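See structure below.
FYI, it's all coordinate maths here, none of it is from the lab. All Cβ positions, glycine included, derive from the backbone under ideal geometry; neighbour counts span all protein chains shown.
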Amino acid sequence: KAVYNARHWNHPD
Amino acid sequence: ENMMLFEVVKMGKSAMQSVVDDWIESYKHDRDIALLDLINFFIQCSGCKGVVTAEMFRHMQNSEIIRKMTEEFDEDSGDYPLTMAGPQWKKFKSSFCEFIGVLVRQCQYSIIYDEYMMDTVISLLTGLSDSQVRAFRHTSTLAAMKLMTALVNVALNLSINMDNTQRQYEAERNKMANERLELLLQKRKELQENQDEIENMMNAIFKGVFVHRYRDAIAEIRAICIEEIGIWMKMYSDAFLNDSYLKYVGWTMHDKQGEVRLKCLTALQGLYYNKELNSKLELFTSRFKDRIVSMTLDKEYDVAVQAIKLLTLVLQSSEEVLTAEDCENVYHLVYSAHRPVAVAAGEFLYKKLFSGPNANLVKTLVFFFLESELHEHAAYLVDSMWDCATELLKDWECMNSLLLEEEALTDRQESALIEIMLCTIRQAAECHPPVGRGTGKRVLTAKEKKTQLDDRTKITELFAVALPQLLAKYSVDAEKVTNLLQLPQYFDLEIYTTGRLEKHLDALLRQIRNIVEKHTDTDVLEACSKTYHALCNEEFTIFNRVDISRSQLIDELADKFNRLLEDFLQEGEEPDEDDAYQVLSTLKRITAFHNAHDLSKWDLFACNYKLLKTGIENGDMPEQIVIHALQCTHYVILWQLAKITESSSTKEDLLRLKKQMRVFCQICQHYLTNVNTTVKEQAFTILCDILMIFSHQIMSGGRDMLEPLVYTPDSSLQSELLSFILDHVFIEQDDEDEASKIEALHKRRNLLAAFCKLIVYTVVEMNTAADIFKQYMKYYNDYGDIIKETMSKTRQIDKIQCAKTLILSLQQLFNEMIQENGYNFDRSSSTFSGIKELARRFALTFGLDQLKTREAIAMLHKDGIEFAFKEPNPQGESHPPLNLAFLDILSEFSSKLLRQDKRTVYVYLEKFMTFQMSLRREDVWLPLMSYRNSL
Amino acid sequence: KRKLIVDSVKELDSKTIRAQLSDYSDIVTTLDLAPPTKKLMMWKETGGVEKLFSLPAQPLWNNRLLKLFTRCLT
């Protein structure tokens, strides 16, 4: 499947 | 120092062939001395500060020499020359390899066969390659693999010389000089002897080193081995491009380290770029095609780039190996976030499907976009192809002709083509990729800037002429106009006059007026308003025509608004829903424009205030009308504030503005408690904006005239804003769907940011931030970045009150715990554990690098102590104080106190601690004892 | 002891290589899509901490107004 990481703010740790 | 050859090859700055020739000269005289110096060269190349002596060379075995060099390595660290960073060591690696290769190739017609040099070197390198010392193994493996590729070059030279000798032998036989034929056969025999010796040496290195070191525990060594086997298959295909040498790459492209999968793919590329069409290669590819296609999604993006490029080379080779499913898997990657992958997939797609004239190419791109159920817009598809199909993408004349002129085109396809064309125009005018694809920011090349200007003028011309036609044709479709109206925002406006194009400007304004008075979709009106803003630039000669059309449209809209409200708000007439829809469409058209335009000359505050106060007093007012009236009054107030700057504004004007804002704030406060969610949200956002604009900072930058306009929120208003945050921003979790949840989360994140802006700019009491800080770990993946920026700015502002608010947050969590569980709660639970973990993360936000921290942390303890001993036990001194457990949290901060401050905190703790407590060391009293031990 | 690096295990055995051939599921992943819709792209642009804390909660399409808000930062 494909996914968009909508939370580009929880990216860090 | 015996570091001669090593030092030369390191920093010699000398052509390796000269040094190799000097060594061969040293050899010709005293072979043993030269070989010993070569050994020591390899040993020193591994960072070994040891030295092999002549006596060793004479009387020692490889194992013993390796053990003694290991013992005498005399290392300062784990580093060795091949793991050192910097250029002065990458050059060392290059020189090392070059030297090995040049040595071999220069000895290839004589010395290589003396049965002395090569056996010695190969034995040493094999030994060092089977050592547990990583420096030795790494170095010796690199050396042996470079040596092997040199041997391969030698064997290829030998094969060529043998073919030529056989040609001469055949020729001389055809002549029949029998003597010369016998001599040619003797030379054939000697050459076969040489071939056999070279094969022996190659087999030796392959069996003793490669088959072991390609599977070395160290991934770097596996990578060395795979790179070099790829080189061998590339340079002597006739000998090394068979399964017996390809199975290794087949197995290793499943390695768990991307460093190695990358080398596998690059070796296979090097075999496919030859375009010599090998059949062994075709069957290997048939066997590992699934694996490669899967590697298009490798966890390392580099590897996926290279896998895509290898599939492109496979297409070039033969378009029969890949199945439809494979190619579609590769196509789907043009919508990937990482650009390198996206452009690799774009090249794949262009070569597979895209190979005037550029007409059906556009139709195929639109069909592809629509077949791709992965992106609703086209920015990223466009950006993926920008490199390989720039011509097709900038052929806007073909696109416009397809849209206008006349199976034909569908409505879906027309919308998709409008979208693709808008994306291409945007990435041509703007010379950067869409967000997430942009590799930082850079200065455009001269060529890039000239192309920017050329494309900008082409666009300006063509679409200054065509956009009225497109608008007219698709005036009734909302998506199409919303997109098309974004085109003028990239024009060079001067061309409207220097190009004698004012007629089309008028046509465009008329089409816009028709779209506005005909539509209600908010996006359509947004595009209309922002485009009108774009065209009304005061530094262009077309300003007055557009200003006239704008003033006429505003005249019409305001007239209709006043006339509609003259009947909508009549105390008698009970408005229907359709009268409300009419009023709402007019209000929407007015608000969209009042945002981006100064309509202060129409004094729309009256109508909007009347609407809002009717909503308040009656409690029945459609949501959309309410929110748009709120927005429009916001814009009126902001625009009046904009016109106050010049001292040419009257005193009564400033008083008018102040009173308007003061009553608008009360109105928004009233709506903040409304039953409708979106109404509360709109009121909250407009309130936060008003409070920031009118904070004391309104007069910061020499804006002293603005002292009377400052507005500070009530305590009631502060608590109401915080309560809205708590009720709307901090909600339950789980452990529509994707779209609804992400929409909601972005809305709520903007709310939280709106309130934290007031906090970090001291528009509200810092203490409120406690209620927010306490929610940092529980809502980390959603709001943690915003909360952390708040903590950082509050610290930089007033670290002391920041620490006080932090301890207030922990105190709120503690009181909440005791409320839900009880004063006899378990300290081993998950709740108390989480609170002390939050306290640990809070403690790590300190540090004595800034001296003030001391006092800060000290306060955090003082207050802390004062809270733990605040409420006593109903039984009395013989039972723990109620909030005593809090001390076990405070200990998480003792790791930040200084030796001097620990004693002062202890004295302040003695102010609250008694002897009877100091002695108590049973279970329930353990938090106090722990907090004491920490100090 | 010595700061010298000495590997105890030098090779991966044959069985682990057969295992690597049998299962690469852990070195592949899902397609990390780029913003699928226009709205989500705008939000990626304007949805960070810096932008959020440097922009008004109610967007202002005219710099003449946005400056009224940005004035009050530091």
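Give the residue, chosen from B:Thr762, B:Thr845, that is more than 14 Å from chain A (Cβ to nearest Cβ), hydroxyl-bearing (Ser, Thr, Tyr) and farther than 21 Å from B:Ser891 by Cβ.
From the options B:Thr762, B:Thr845, the qualifying one is B:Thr762.
Which of (1) away from chain C (no Cβ under 14 Å); (2) over 24 Å from the mean Cα position of the chain (by Cα) does B:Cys388 not meet, given it meets every other one?
The failed condition is (2).
When the residues of segment B:29-69 are filtered to those that are closer than 14 Å to B:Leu124 by Cβ and among the hydroxyl-bearing types (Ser, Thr, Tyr), which remaining residue is surrounded by the fewest Cβ atoms within 10 Å (Cβ to Cβ)?
Looking at the filtered set, the residue picked out is B:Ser63.
Can you name every residue in segment B:781-802 that is more than 9 Å from chain C (Cβ to nearest Cβ), buried (at least 17 other Cβ atoms within 10 Å of the Cβ) and not β-branched (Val, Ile, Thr)?
Once the filter is applied, which keeps residues that are more than 9 Å from chain C (Cβ to nearest Cβ), buried (at least 17 other Cβ atoms within 10 Å of the Cβ) and not β-branched (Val, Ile, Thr), segment B:781-802 yields B:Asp782, B:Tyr783, B:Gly784, B:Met791, B:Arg795, B:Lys799, B:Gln801, B:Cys802.
Where in segment B:854-927 are the helices (runs of 4 or more DSSP H), entirely inside, with at least 1 residues that are hydroxyl-bearing (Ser, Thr, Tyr) and at negative phi? Quick ask: steps written out before the conclusion?
Values: elements: B:886-890, B:899-910, B:915-919.
In segment B:854-927, the matching helices (runs of 4 or more DSSP H) lie at B:899-910, B:915-919.
Any chance segment B:85-99 includes a residue that's outside any helix (DSSP H, G or I) and either of a type in the set (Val, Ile, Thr) or in contact with a helix residue (DSSP H, G or I) (Cβ under 8 Å, 6 or more places away or on another chain) (or both)? Step through it out loud before you land on a result.
Kept after step one, since they are outside any helix (DSSP H, G or I), are these residues of segment B:85-99: B:85-86.
Checking the rest, the ones that are also either of a type in the set (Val, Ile, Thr) or in contact with a helix residue (DSSP H, G or I) (Cβ under 8 Å, 6 or more places away or on another chain) (or both) come to none.
Among the residues of segment B:85-99, not one is outside any helix (DSSP H, G or I) and either of a type in the set (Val, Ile, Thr) or in contact with a helix residue (DSSP H, G or I) (Cβ under 8 Å, 6 or more places away or on another chain) (or both), which makes the answer no.
Exactly one condition in (1) part of a loop (DSSP other than H, G, I, E, B); (2) closer than 20 Å to B:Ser719 by Cα; (3) within 14 Å of chain C (Cβ to nearest Cβ) is false for B:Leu687; which is it?
(1)
Here's a check for you: in segment C:55-74, which residue that is facing chain B (nearest Cβ under 7 Å) and not in a loop (DSSP other than H, G, I, E, B) is surrounded by the most Cβ atoms within 10 Å (Cβ to Cβ)?
Ranking the candidates gives C:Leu65 first.
Scan segment B:614-632 for residues that are within 14 Å of B:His670 (Cβ to Cβ) and either more than 12 Å from chain C (Cβ to nearest Cβ) or in contact with a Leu (Cβ under 6 Å, 6 or more places away or on another chain) (or both) and jot them down.
Those that are within 14 Å of B:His670 (Cβ to Cβ) and either more than 12 Å from chain C (Cβ to nearest Cβ) or in contact with a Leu (Cβ under 6 Å, 6 or more places away or on another chain) (or both): B:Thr614, B:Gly615, B:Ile616, B:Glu617, B:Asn618, B:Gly619, B:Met621, B:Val626, B:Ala629.
Return the only residue of B:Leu82, B:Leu125 being part of a helix (DSSP H, G or I), buried (at least 17 other Cβ atoms within 10 Å of the Cβ), within 14 Å of chain C (Cβ to nearest Cβ) and within 45 Å of the chain's Cα centre (by Cα).
Only one candidate passes the filter, namely B:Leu82.
Within segment B:258-286, how many residues turn out to be within 14 Å of chain C (Cβ to nearest Cβ) and farther than 15 Å from C:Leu21 by Cβ? Before you say what the answer is, go through the steps one by one.
Filtering segment B:258-286 for residues within 14 Å of chain C (Cβ to nearest Cβ) gives B:258-262, B:264-265.
After this cut, where a residue has to be farther than 15 Å from C:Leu21 by Cβ as well, the list is B:258-259, B:262, B:265.
Matching residues across segment B:258-286 total 4.
If B:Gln17 satisfies every condition in (1) surrounded by fewer than 16 Cβ atoms within 10 Å (Cβ to Cβ); (2) out of contact with any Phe, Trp or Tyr (no Cβ under 7 Å at 6 or more places or on another chain); (3) in a loop (DSSP other than H, G, I, E, B) but one, which is the exception?
For B:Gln17, the exception is condition (3).
Name the single residue that is nearest to the other protein chains (Cβ to nearest Cβ) among those in segment B:324-363 being among the small types (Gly, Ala, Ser) and either on the phi > 0 side of the Ramachandran plot or surrounded by fewer than 22 Cβ atoms within 10 Å (Cβ to Cβ) (or both). Step through it out loud before you land on a result.
Let us first name the residues in segment B:324-363 that are among the small types (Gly, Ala, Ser), namely B:324, B:336-337, B:342, B:344-346, B:355-356, B:359.
Applying the additional criterion that residues be either on the phi > 0 side of the Ramachandran plot or surrounded by fewer than 22 Cβ atoms within 10 Å (Cβ to Cβ) (or both) yields B:324, B:337, B:355-356, B:359.
Working: B:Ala324: 18, B:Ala337: 4, B:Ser355: 25, B:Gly356: 29, B:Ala359: 27 Å.
Restricting to residues being among the small types (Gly, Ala, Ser) and either on the phi > 0 side of the Ramachandran plot or surrounded by fewer than 22 Cβ atoms within 10 Å (Cβ to Cβ) (or both), the top hit is B:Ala337.
So that you can scan it fast, the table gives a plain yes or no per residue for (1) crowded, with 21+ Cβ neighbours inside 10 Å; (2) of a type in the set (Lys, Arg):
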| site | (1), (2) |
| --- | --- |
| B:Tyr635 | yes, no |
| B:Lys643 | no, yes |
| B:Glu646 | no, no |
| B:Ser649 | no, no |
| B:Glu652 | no, no |
| B:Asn676 | no, no |
| B:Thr685 | yes, no |
| B:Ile690 | yes, no |
| B:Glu738 | no, no |
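Name the single residue, out of those in segment C:30-54 being at the interface with chain B (Cβ under 7 Å from one of its Cβ atoms) and touching a strand residue (DSSP E or B) at 6+ places or on another chain (Cβ under 7 Å), that is surrounded by the fewest Cβ atoms within 10 Å (Cβ to Cβ).
Looking at residues that are at the interface with chain B (Cβ under 7 Å from one of its Cβ atoms) and touching a strand residue (DSSP E or B) at 6+ places or on another chain (Cβ under 7 Å), I get C:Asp32.
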